[PDB]
Amino acid sequence: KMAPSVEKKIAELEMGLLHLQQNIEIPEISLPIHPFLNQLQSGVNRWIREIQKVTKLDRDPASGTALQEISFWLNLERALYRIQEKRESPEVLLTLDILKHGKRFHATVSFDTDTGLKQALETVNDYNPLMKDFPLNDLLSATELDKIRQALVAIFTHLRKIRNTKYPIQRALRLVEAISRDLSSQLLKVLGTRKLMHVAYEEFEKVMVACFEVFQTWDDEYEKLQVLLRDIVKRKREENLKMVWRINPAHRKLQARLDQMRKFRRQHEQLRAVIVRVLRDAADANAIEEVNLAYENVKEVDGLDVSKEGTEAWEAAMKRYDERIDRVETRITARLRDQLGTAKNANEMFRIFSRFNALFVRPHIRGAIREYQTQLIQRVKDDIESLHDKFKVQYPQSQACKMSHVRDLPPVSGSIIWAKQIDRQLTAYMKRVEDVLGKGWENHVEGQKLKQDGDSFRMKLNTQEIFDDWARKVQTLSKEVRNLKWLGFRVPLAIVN
Amino acid sequence: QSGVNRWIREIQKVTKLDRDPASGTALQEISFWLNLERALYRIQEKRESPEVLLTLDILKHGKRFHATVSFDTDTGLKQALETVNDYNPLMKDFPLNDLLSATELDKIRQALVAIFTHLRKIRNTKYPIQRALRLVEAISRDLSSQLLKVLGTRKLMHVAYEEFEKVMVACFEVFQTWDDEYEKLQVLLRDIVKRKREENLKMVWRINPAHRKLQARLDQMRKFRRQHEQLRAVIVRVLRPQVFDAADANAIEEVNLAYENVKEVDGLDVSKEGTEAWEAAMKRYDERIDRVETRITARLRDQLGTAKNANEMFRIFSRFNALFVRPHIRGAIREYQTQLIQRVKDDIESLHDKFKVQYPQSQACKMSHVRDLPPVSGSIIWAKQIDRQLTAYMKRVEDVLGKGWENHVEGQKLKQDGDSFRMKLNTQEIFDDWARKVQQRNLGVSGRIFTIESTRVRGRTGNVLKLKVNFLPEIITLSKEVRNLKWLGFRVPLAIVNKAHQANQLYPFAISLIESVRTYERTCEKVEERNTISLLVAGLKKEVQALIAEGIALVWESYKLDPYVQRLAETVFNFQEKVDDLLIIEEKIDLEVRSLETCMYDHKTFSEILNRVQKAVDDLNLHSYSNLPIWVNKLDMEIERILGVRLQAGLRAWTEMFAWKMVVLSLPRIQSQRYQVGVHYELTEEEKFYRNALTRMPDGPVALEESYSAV
Amino acid sequence: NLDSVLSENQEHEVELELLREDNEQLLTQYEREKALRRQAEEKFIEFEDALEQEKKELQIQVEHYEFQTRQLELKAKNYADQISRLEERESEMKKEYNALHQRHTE
Amino acid sequence: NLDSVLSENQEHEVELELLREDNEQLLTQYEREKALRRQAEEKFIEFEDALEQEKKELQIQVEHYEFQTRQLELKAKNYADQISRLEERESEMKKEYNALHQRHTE
Amino acid sequence: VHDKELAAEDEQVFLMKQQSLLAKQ
Amino acid sequence: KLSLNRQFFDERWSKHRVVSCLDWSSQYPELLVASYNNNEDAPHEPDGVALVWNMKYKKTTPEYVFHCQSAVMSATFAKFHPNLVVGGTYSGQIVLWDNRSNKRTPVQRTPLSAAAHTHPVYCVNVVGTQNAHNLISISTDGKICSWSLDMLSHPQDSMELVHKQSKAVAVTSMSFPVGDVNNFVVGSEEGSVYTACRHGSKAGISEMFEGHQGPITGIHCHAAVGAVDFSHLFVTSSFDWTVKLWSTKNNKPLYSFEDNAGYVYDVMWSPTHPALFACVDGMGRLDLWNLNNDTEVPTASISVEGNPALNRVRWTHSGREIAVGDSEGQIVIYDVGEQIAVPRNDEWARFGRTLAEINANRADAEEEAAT
């Protein structure tokens with residue numbers, strides 16, 4: 001825990017020297033003095049001119065970072081206190097007093113009122129509760145996403161002290177927009193470090209859910225701050241004549257790009273897992289290198305750029321990926337359509353339908369193989385009718401009773417083995433139907449009757465009442481004891497002994 | 001003294017200098033005033049040289065007073081100095097130098113605004129208003145010369161229409177700029193005059209700008225080319241032969257040669273010879289045009305001879321849409337005006353006859369109800385559409401007959417009829433009548449979802465009590481009318497919109513409950529149609545009634561309403577399909593039972609029929625219908641009685657005994673619960689085969705004795 | 001075998017009470033959230049209707065100002081024609097008055 | 001007393017399953033209502049922004065039209081005063097012309 | 001042994017009882 | 001010329017009912033499915049009846065009879081399944097009748113959930129190819145769902161259609177272009193035609209058309225494909241007594257055919273003639289508009305006997321016999337002449353010149369009247 005923390009402190013020193021370099025600065029004026037009354041008038045007019053130069057400072061808040069705004073207001077506060085303490089020096093009071101003795105009232109009035117120090121000092125002193133101990137250094141010094149989250153919630157809980165000051169709400173909204181701007185910049189830096197295209201899917205999903213948690217935290221903290229801003233606006237109706245509530249934060253475009261990127265990567269991982277699983281000829285290798293070529297073609301495009309040329313490059317890369325994936329899909333549809341050139345009996349066709357089932361998630365592969373499924377469902381319907389006809393005769397009238405009599409099997413346990421074998425064949429047929437019609441076969445046109453018949457047939461295949469009737473009548477026996485404990489029936493304790 | 005008089009004459013020939021403001025250009029006046037002020041200042045600084053005052057002091061010492069009084073009073077130096085310094089601030093800078101080098105009409109306009117803003121400095125000067133008016137006239141003359149040069153260079157005559165139109169548009173906006181800037185300057189001189197009532201006694205202006213007549217010429221040119229273009233439009237439009245006369249080609253060549261012969265004549269010549277050339281060209285053009293105008297009017301008469309309906313006459317009157325202002329076709333419209341008014345009156349009476357049938361008595365309400373439109377909004381759309389067609393008819397009539405068709409008797413009674421139809425076609429009273437009805441009724445949904453209500457159904461004395469969902473149809477119609485009337489611009493009150501939104505958010509559960517209740521009622525009616533199978537679906541009816549009794553305690557604002565609705569819909573759908581399958585298979589069972597009497601006496605067909613009945617009962621057992629063995633026993637008694645009757649027929653046909661007896665007596669019985677396995681009980685001969693057919697003997701065993709007596 | 005079934009009874013009791021009070025907490029959360037959503041829709045619908053009404057009032061004022069400007073401009077044009085006509089007539093009668101002083105002259 | 005504990009156990013199991021399903025239903029529906037309220041607030045803020053800019057445009061057109069009406073009516077009353085004075089002056093020196101014409105007539 | 005049948009109740013008295021359940025609660 | 005060819009009217013089912021939709025089968029061009037709405041005089045009778053009539057055979061009975069629980073609002077054939085008749089009913093279910101089954105009851109139906117339709121469904125279609133086809137349906141709350149014809153339990157795709165300020169367009173009718181599966185057009189009862197795209201980055205309403213002053217009853221895209229493409233054109237028929245011709249480029253109506261009488265309830269492009277479309281009105285009059293002949297008067301008009309209100313019209317795929325349904329359930333077949341149906345070889349170029357002449361003259365008249 002030493003060397004990474006040392007590296008973070010080193011980066012904090014570099015970031016601190018970076019905004020010490022780029023700090024927009026106020027020129028520190030100095031009030032000159034005489035080492036006769038008209039010379040004093042010219043000197044105090046130079047005083048009034050430079051004080052009006054300093055005190056008329058204002059900045060458009062729609063440009064620049066938020067730290068520039070914070071540093072500007074803090075430096076204006078410090079400069080106004082320096083001007084106020086320099087104005088109250090004894091020598092300045094002395095030359096003002098001997099200008100008052102000379103009956104030059106214009107100089108005294110213009111240094112009393114026209115300087116504009118009083119209302120400027122009052123305004124910056126009113127703003128200074130918000131301007132102190134602001135935590136945005138933690139946002140620009142963080143590299144982990146939970147650190148960005150707690151920095152964001154610290155900034156949004158610092159923003160709740162609008163109620164003390166008389167800050168303009170529009171300037172507060174542009175400050176929020178600047179917070180969104182350097183939040184987007186820091187997120188772009190962190191995800192550029194993370195190299196998202198070069199990483200596996202699990203760590204990509206972890207950093208995606210962490211970044212969307214950051215976005216969600218921004219969202220609800222913004223709703224609470226907006227509730228407080230509505231409260232502070234409807235309480236101060238006479239102060240603001242006009243009021244608009246529009247804002248376009250700069251991180252929403254990066255959020256939409258991340259959402260589109262994640263929704264691409266989920267589909268590509270879902271296709272590529274199936275392809276690398278079940279497509280182990282030249283067509284298989286051809287399809288996998290075409291898939292890898294499409295992923296590398298998207299991968300070479302820098303998706304973190306949010307500009308117009310980056311957007312057009314991302315759309316071009318995604319269009320090329322979609323056309324390549326459609327070509328791969330048509331090639332694998334033509335490969336799957338070669339089934340009747342190989343499969344003649346329905347059993348090995350069932351087997352290759354089971355091995356190649358994972359392509360049937362896609363809609364084109366599912367819609368292409370349509371006339372095959374009717375024949376396959378008809379075959380399983382014939383087999384289900386055959387299984388019903390094997391249950392048409394009963395166990396005492398069956399040859400399985402004679403086969404159990406010969407091979408030393410008791411009749412009750414032989415009946416239970418017979419019923420469990422019928423249930424096993426029914427479950428195998430339902431597994432075959434689920435394989436043929438894919439996932440969601442229970443709501444199909446043909447699979448619904450199969451599911452209802454299988455459920456009502458399995459309801460009549462229960463073996464609990466036979467075991468209960470045997471246990472009631474018994475309250476060859478050891479044959480029942482050591483056969484029925486294989487079948488999972490909880491035998492009574494008095495019968496084991 | 002002699003040189004003093006020489007100086008007196010030398011400055012008296014300069015201090016009396018004056019330039020007539022009516023003659024010359026404005027720039028000549030500007031240069032004259034600047035040069036006069038500069039020369040007056042030059043002789044002023046030469047007058048104040050000390051050696052001149054030395055000569056006057058010498059002449060004063062010589063008692064020569066008369067030269068000093070001449071040099072004091074007869075000079076006129078001070079008055080002329082006050083004149084050239086009073087006119088100085090107006091004359092210091094002046095913007096016609098930018099106008100003289102300007103070549104584009106916006107530069108002309110900006111030089112105009114520069115000149116007229118520089119003219120605003122007269123209020124602090126003692127400039128005469130008449131000299132200012134002549135200065136404005138000189139500015140107008142320079143404007144006329146400059147834009148005449150610009151228009152001559154652009155050559156607006158021989159060139160195509162659209163850009164020629166846009167350069168006269170820019171020229172006319174330049175003229176408008178001159179007009180309103182002169183208006184501002186005129187009220188400025190008016191307010192200047194209002195301070196100097198006793199000084200200036202010349203009130204009226206009577207200014208005639210030089211460009212104005214040229215403006216009128218351009219104005220004439222404007223409408224002339226406009227007329228020609230419009231005429232050429234219809235001459236390429238209607239002149240096609242309706243399915244090639246020499247008249248239409250003669251008209252195309254007459255228009256082309258008339259425009260060429262008027263293109264030869266120059267129109268930019270503002271002089272008297274140019275004016276008479278312009279007038280001769282327009283007289284020649286009118287003489288060439290009036291022939292094809294009469295041809296167009298005659299073809300309008302021949303085209304109107306075959307036109308019958310009002311829409312036909314409106315569609316052919318709008319073919320000559322660009323010639324409504326030419327004063328020859330207006331007479332043709334005046335001759336055919338009465339037929340137009342009469343036939344439009346018939347169309348208005350036809351629309352009044354439509355509206356005479358009320359909305360619920362008409363087919364429009366029925367077809368709106370088919371296409372899912374509530375009746376009040378459908379009536380509003382109906383009345384608005386009749387009003388829109390009335391407005392379209394009035395707009396067409398006004399557009400073809402010109403503005404001012406009111407004064408005729410037919411026009412005023414047509415306007416009276418339209419006014420009566422429009423105040424009969426108001427839509428607001430229907431809207432707030434509906435709003436008053438809905439606000440008085442005070443709808444809204446709450447409480448539990450179901451409702452039992454007992455009604456008197458005809459054919460039954462006892463009051464049949466039914467079950468419905470607590471969701472009125474008026475709720476759904478109110479939601480539809482709110483969604484329709486909010487589109488239509490009509491202001492609906494707050495409670496109605498809130499009720500409609502609550503209804504729209506509670507609708508998908510209510511419609512599914514309504515469908516499930518209706519399906520359950522229809523399936524129970526189908527079960528009550530056939531009393532013989534009421535015990536087969538006792539379990540499904542018990543399950544559905546248990547679900548109804550479970551869900552009857554739910555409230556509308558509950559959280560349990562989302563899965564319960566889906567469960568109820570699934571259960572009722574399963575119950576309905578089970579009852580329909582039971583109906584089909586029981587009809588098959590009854591058909592197979594009734595065919596046993598007509599089946600001929602042999603073992604194989606009896607075994608096949610019994611196998612089909614056994615397969616149907618097996619399919620009953622696979623879906624696990626309730627109370628199956630009791631219904632199977634009730635069927636078994638019937639088929640055993642039928643087999644007893646057929647045994648009577650087979651025995652009396654014989655009147656080798658047991659070989660004939662085992663045909664019926666060895667038939668397998670119907671097994672109800674046969675899917676059960678494991679119970680090792682063996683059925684005996686009487687419950688496996690119909691060994692009790694002699695017990696169900698219809699005539700008794702005496703016929704059996706008749707089988708025994710023959711042996 | 002009373003020990004095992006009483007153990008099952010004890011675990012059933014403690015889990016039933018724990019997730020029963022957890023259920024009561026989610027039911028309170030549901031009721032609060034439903035009330036919040038309903039009030040949000042009511043505020044939105046009120047804001048809809050009031051602001052659209054004042055929009056329609058602004059449109060009515062725009063159309064009325066347009067009609068007033070058109071009729072006042074028409075008044076100004078025809079009345080300026082009146083100025084020009086009466087100025088021409090008084091110019092003519094000034095000319096005839098100068099002719100009457102000419103009639104006095106000879 | 002095994003049967004009473006067995007009955008208690010199965011009753012506790014059926015109550016556990018019932019109000020566990022109630023718990024899952026309440027959680028899912030609470031999530032649904034929260035998402036719907038978020039949707040409603042998004043509709044409010046977008047419709048706010050859009051038609052507030054529309055309203056400001058219409059207000060701008062309104063007092064522009066008011067300025068046009070005021071300046072045209074001021075020009076109209078200046079025109080009113082000047083033609084009133086002009087007709088008064090023309091009438092009085094028309095009377096003077098009539099008196100001087102009768103002076104020349106006699 | 002033969003088990004006696006189960007039968008759902010008559011609809012009129014069933015939803016009459018449910019009408020009483022609706023009115024009482 | 002226009003002449004009667006056949007009259008379909010069943011005594012038991014199609015009495016006191018108004019026809020609600022018509023379709024000809026794509027595979028079997030002699031088969032007409034005709035939807036019906038509820039007869040209020042017979043509450044015991046089924047609310048929604050869908051009959052299937054035959055053109056080749058000369059019997060008066062319907063060849064197939066289907067009925068659903070609720071009133072059927074729009075039933076079409078399945079374009080790639082020869083055995084299925086897909087209907088959309090008043091409650092929002094999408095019932096799927098089968099002909100091989102022994103029951104008139106539907107064999108498949110969609111749930112009435114929030115994930116499926118809830119308001120009446122007035123437009124259903126089957127789009128795609130053999131290997132990829134879907135069923136598109138839009139309710140009157142604007143919800144559009146794309147189902148597969150097998151699994152009618154939940155939609156494959158679903159969205160709500162909103163254009164501006166998330167306001168739900170209430171879709172009344174829907175059309176698709178020729179050979180297009182992505183783009184389509186919808187006509188609402190708010191009077192506004194919207195184009196829309198099914199899937200892509202931009203999914204939902206693309207543009208907006210102002211146009212009509214009443215609810216829009218029927219919108220149909222161009223069907224005949226020849227030398228010059230005309231798939232960007234479509235026609236609409238609405239409640240304001242007009243038929244308006246549009247293209248997807250211009251945001252304004254290219255022409256407004258005022259049927260000066262009664263309302264206008266349906267319009268349809270002919271599938272063979274590239275310049276001919278038919279419309280029905282409210283007093284029984286059926287009109288054919290050939291744009292190459294005349295754009296002001298109907299080319300050929302007919303009136304059914306008794307003059308009932310006419311709901312729906314539908315052309316056959318040969319473009320020779322058109323079918324029209326009225327307020328009494330009487331499906332009438334009208335046989336157009338070969339001089340109107342069969343186009344000449346220059347009809348596409350003639351329609352291109354006619355469209356250019358319409359555009360130029362109307363725009364020139366507008367800009368010369370305004371200025």
# chains A, B, ... in the order shown; residues from 1 in each chain; ligands from 1
call {"tool": "closest_atom_pairs", "arguments": {"of": "chain A", "to": "chain D", "cutoff": "12 Å", "atoms": "only C-alpha atoms", "output": "CSV"}}
result
residue,atom,partner,partner_atom,distance
A:219,CA,D:38,CA,10.4
A:220,CA,D:38,CA,10.1
A:223,CA,D:41,CA,9.7
A:226,CA,D:45,CA,11.1
A:227,CA,D:41,CA,11.7
A:242,CA,D:56,CA,10.4
A:243,CA,D:52,CA,9.8
A:244,CA,D:49,CA,7.6
A:245,CA,D:49,CA,6.7
A:246,CA,D:49,CA,5.5
A:247,CA,D:49,CA,8.7
A:248,CA,D:49,CA,10.7
call {"tool": "closest_atom_pairs", "arguments": {"of": "chain A", "to": "chain B", "cutoff": "12 Å", "atoms": "only C-alpha atoms", "output": "Markdown table"}}
result
| residue | atom | partner | partner_atom | distance |
| --- | --- | --- | --- | --- |
| A:385 | CA | B:619 | CA | 11.6 |
| A:388 | CA | B:675 | CA | 9.4 |
| A:389 | CA | B:675 | CA | 10.8 |
| A:390 | CA | B:675 | CA | 11.1 |
| A:391 | CA | B:675 | CA | 7.3 |
| A:392 | CA | B:675 | CA | 7.5 |
| A:393 | CA | B:674 | CA | 9.0 |
| A:394 | CA | B:677 | CA | 6.1 |
| A:395 | CA | B:677 | CA | 6.7 |
| A:396 | CA | B:680 | CA | 6.8 |
| A:397 | CA | B:682 | CA | 9.9 |
| A:398 | CA | B:677 | CA | 11.1 |
| A:401 | CA | B:678 | CA | 11.1 |
| A:411 | CA | B:678 | CA | 8.8 |
| A:412 | CA | B:678 | CA | 7.0 |
| A:413 | CA | B:678 | CA | 9.5 |
| A:414 | CA | B:678 | CA | 9.3 |
| A:415 | CA | B:678 | CA | 5.8 |
| A:416 | CA | B:678 | CA | 7.6 |
| A:417 | CA | B:678 | CA | 10.7 |
| A:418 | CA | B:678 | CA | 9.6 |
| A:419 | CA | B:677 | CA | 8.2 |
| A:420 | CA | B:677 | CA | 11.8 |
| A:422 | CA | B:677 | CA | 11.7 |
| A:449 | CA | B:623 | CA | 11.2 |
| A:452 | CA | B:623 | CA | 8.6 |
| A:453 | CA | B:623 | CA | 7.6 |
| A:454 | CA | B:622 | CA | 9.9 |
| A:455 | CA | B:623 | CA | 9.6 |
| A:456 | CA | B:623 | CA | 6.2 |
| A:457 | CA | B:622 | CA | 6.7 |
| A:458 | CA | B:622 | CA | 10.1 |
| A:459 | CA | B:624 | CA | 9.2 |
| A:460 | CA | B:675 | CA | 6.7 |
| A:461 | CA | B:676 | CA | 7.9 |
| A:462 | CA | B:676 | CA | 9.2 |
| A:463 | CA | B:678 | CA | 8.1 |
| A:464 | CA | B:678 | CA | 10.5 |
| A:465 | CA | B:678 | CA | 8.9 |
| A:466 | CA | B:678 | CA | 6.2 |
| A:467 | CA | B:678 | CA | 9.4 |
| A:468 | CA | B:678 | CA | 11.4 |
| A:469 | CA | B:679 | CA | 8.8 |
| A:470 | CA | B:679 | CA | 9.7 |
call {"tool": "residues_around", "arguments": {"residues": "range 16-18 of chain E", "least_positions_apart": "5", "cutoff": "12 Å", "atoms": "only C-alpha atoms", "output": "list in words"}}
result
residues 450, 451, 452, 453, 454, 463, 464, 465, 466, 467, 545, 546, 548, 549, 550, 551, 552 and 553 of chain B; 9, 10, 11, 23, 24 and 25 of chain E
call {"tool": "write_last_selection", "arguments": {"atoms": "N, CA, C and O atoms", "output": "CSV table (one decimal), in the first residue's frame"}}
result
chain,number,residue,atom,x,y,z
B,450,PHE,N,-65.0,-6.7,-8.8
B,450,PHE,CA,-66.1,-7.4,-9.3
B,450,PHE,C,-67.4,-6.8,-8.7
B,450,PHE,O,-67.4,-6.0,-7.8
B,451,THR,N,-68.5,-7.1,-9.3
B,451,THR,CA,-69.8,-6.6,-9.0
B,451,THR,C,-70.9,-7.6,-9.3
B,451,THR,O,-71.0,-8.1,-10.5
B,452,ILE,N,-71.7,-8.0,-8.3
B,452,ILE,CA,-72.9,-8.8,-8.5
B,452,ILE,C,-74.1,-7.9,-8.6
B,452,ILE,O,-74.3,-7.0,-7.8
B,453,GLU,N,-75.0,-8.2,-9.7
B,453,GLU,CA,-76.1,-7.3,-9.9
B,453,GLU,C,-77.2,-8.2,-10.4
B,453,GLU,O,-77.0,-9.1,-11.3
B,454,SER,N,-78.4,-8.1,-9.8
B,454,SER,CA,-79.5,-9.0,-10.2
B,454,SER,C,-80.5,-8.3,-11.1
B,454,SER,O,-81.1,-7.3,-10.8
B,463,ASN,N,-85.3,-13.6,-10.7
B,463,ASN,CA,-84.4,-12.6,-11.1
B,463,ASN,C,-83.0,-13.2,-11.1
B,463,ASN,O,-82.4,-13.6,-10.1
B,464,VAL,N,-82.4,-13.3,-12.4
B,464,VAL,CA,-81.1,-13.9,-12.6
B,464,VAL,C,-80.1,-12.9,-12.2
B,464,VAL,O,-80.1,-11.8,-12.6
B,465,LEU,N,-79.2,-13.3,-11.3
B,465,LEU,CA,-78.1,-12.4,-10.8
B,465,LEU,C,-76.8,-12.7,-11.5
B,465,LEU,O,-76.4,-13.9,-11.5
B,466,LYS,N,-76.2,-11.7,-12.1
B,466,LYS,CA,-75.0,-11.9,-12.9
B,466,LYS,C,-73.8,-11.2,-12.3
B,466,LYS,O,-73.9,-10.3,-11.4
B,467,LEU,N,-72.6,-11.5,-12.8
B,467,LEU,CA,-71.3,-11.0,-12.3
B,467,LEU,C,-70.7,-10.2,-13.4
B,467,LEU,O,-70.5,-10.7,-14.6
B,545,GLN,N,-64.2,-21.3,-10.1
B,545,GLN,CA,-65.0,-20.6,-9.0
B,545,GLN,C,-64.2,-20.3,-7.8
B,545,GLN,O,-64.4,-19.3,-7.1
B,546,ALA,N,-63.2,-21.2,-7.5
B,546,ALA,CA,-62.2,-20.9,-6.4
B,546,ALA,C,-61.4,-19.7,-6.7
B,546,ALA,O,-61.1,-18.9,-5.8
B,548,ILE,N,-62.3,-17.2,-8.7
B,548,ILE,CA,-63.2,-16.0,-8.7
B,548,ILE,C,-63.4,-15.6,-7.2
B,548,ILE,O,-63.4,-14.4,-6.9
B,549,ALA,N,-63.6,-16.6,-6.3
B,549,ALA,CA,-63.8,-16.3,-4.9
B,549,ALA,C,-62.5,-15.8,-4.3
B,549,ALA,O,-62.6,-15.1,-3.3
B,550,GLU,N,-61.4,-16.2,-4.8
B,550,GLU,CA,-60.1,-15.6,-4.3
B,550,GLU,C,-60.0,-14.2,-4.7
B,550,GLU,O,-59.6,-13.3,-3.9
B,551,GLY,N,-60.3,-13.9,-6.0
B,551,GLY,CA,-60.1,-12.6,-6.5
B,551,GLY,C,-61.2,-11.6,-6.3
B,551,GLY,O,-61.0,-10.4,-6.6
B,552,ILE,N,-62.3,-12.0,-5.7
B,552,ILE,CA,-63.4,-11.1,-5.5
B,552,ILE,C,-63.1,-10.1,-4.3
B,552,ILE,O,-63.7,-9.0,-4.3
B,553,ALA,N,-62.2,-10.4,-3.5
B,553,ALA,CA,-61.8,-9.6,-2.4
B,553,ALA,C,-60.7,-8.5,-2.7
B,553,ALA,O,-60.3,-7.7,-1.9
E,9,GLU,N,-70.5,-26.1,-7.1
E,9,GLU,CA,-71.8,-25.7,-6.7
E,9,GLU,C,-72.6,-25.0,-7.8
E,9,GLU,O,-72.1,-24.7,-8.9
E,10,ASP,N,-73.9,-24.9,-7.6
E,10,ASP,CA,-74.8,-24.1,-8.5
E,10,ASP,C,-74.3,-22.7,-8.5
E,10,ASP,O,-74.0,-22.1,-7.5
E,11,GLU,N,-74.3,-22.1,-9.7
E,11,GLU,CA,-73.7,-20.8,-9.9
E,11,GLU,C,-74.5,-19.7,-9.2
E,11,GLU,O,-73.9,-18.7,-8.7
E,23,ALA,N,-70.8,-7.5,0.0
E,23,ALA,CA,-71.5,-6.5,0.7
E,23,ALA,C,-71.0,-6.4,2.2
E,23,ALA,O,-71.0,-5.3,2.8
E,24,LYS,N,-70.7,-7.5,2.8
E,24,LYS,CA,-70.3,-7.5,4.2
E,24,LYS,C,-69.0,-6.9,4.4
E,24,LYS,O,-68.8,-6.2,5.4
E,25,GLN,N,-68.0,-7.2,3.6
E,25,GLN,CA,-66.6,-6.7,3.8
E,25,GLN,C,-66.4,-5.4,3.1
E,25,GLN,O,-65.8,-4.5,3.7
call {"tool": "calpha_fit_rmsd", "arguments": {"fixed": "chain C", "moving": "chain D"}}
result
4.4 Å
call {"tool": "residues_around", "arguments": {"residues": "residue 344 in chain B", "least_positions_apart": "5", "cutoff": "12 Å", "atoms": "only C-alpha atoms", "output": "list in words"}}
result
residues 308, 309, 310, 311, 312, 313, 314, 337, 338, 339, 349, 350, 351, 389, 390, 392, 393, 394, 395, 396, 397, 398, 410, 411, 413, 414, 415, 417 and 418 of chain B
call {"tool": "interface_residues", "arguments": {"of": "chain A", "to": "chain F", "cutoff": "8 Å", "atoms": "only C-alpha atoms", "output": "list in words"}}
result
residues 363, 364, 367, 368, 369, 443, 444 and 445 of chain A
call {"tool": "write_last_selection", "arguments": {"atoms": "C-alpha atoms", "output": "CSV table (one decimal), in the first residue's frame"}}
result
chain,number,residue,atom,x,y,z
A,363,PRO,CA,-33.6,-15.3,-35.7
A,364,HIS,CA,-32.4,-16.0,-39.3
A,367,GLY,CA,-36.6,-18.9,-39.5
A,368,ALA,CA,-34.6,-20.7,-42.1
A,369,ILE,CA,-35.1,-24.2,-40.7
A,443,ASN,CA,-45.3,-21.7,-26.0
A,444,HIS,CA,-44.9,-22.9,-29.6
A,445,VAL,CA,-47.7,-23.8,-32.0
call {"tool": "residues_around", "arguments": {"residues": "residue 693 in chain B", "least_positions_apart": "5", "cutoff": "9 Å", "atoms": "only C-alpha atoms", "output": "JSON, numbers by chain"}}
result
{"B": [640, 641, 643, 644, 645, 647, 664, 665]}
call {"tool": "write_last_selection", "arguments": {"atoms": "N, CA and C atoms", "output": "CSV table (one decimal), in the first residue's frame"}}
result
chain,number,residue,atom,x,y,z
B,640,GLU,N,-74.5,-51.6,-22.7
B,640,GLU,CA,-74.9,-53.0,-22.4
B,640,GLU,C,-76.4,-53.2,-22.7
B,641,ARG,N,-77.3,-52.2,-22.6
B,641,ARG,CA,-78.6,-52.3,-23.0
B,641,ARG,C,-78.8,-52.4,-24.5
B,643,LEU,N,-76.4,-53.7,-26.5
B,643,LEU,CA,-75.9,-55.0,-26.8
B,643,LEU,C,-76.9,-56.1,-26.4
B,644,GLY,N,-77.8,-55.8,-25.4
B,644,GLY,CA,-78.8,-56.8,-25.1
B,644,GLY,C,-79.9,-56.8,-26.1
B,645,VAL,N,-80.3,-55.6,-26.7
B,645,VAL,CA,-81.2,-55.6,-27.8
B,645,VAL,C,-80.7,-56.2,-29.0
B,647,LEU,N,-78.4,-58.6,-29.0
B,647,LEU,CA,-78.4,-60.0,-28.7
B,647,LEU,C,-79.8,-60.6,-28.9
B,664,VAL,N,-71.1,-61.3,-29.0
B,664,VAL,CA,-71.4,-60.2,-28.1
B,664,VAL,C,-70.8,-60.4,-26.7
B,665,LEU,N,-70.9,-61.7,-26.2
B,665,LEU,CA,-70.6,-62.0,-24.8
B,665,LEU,C,-69.1,-61.9,-24.5
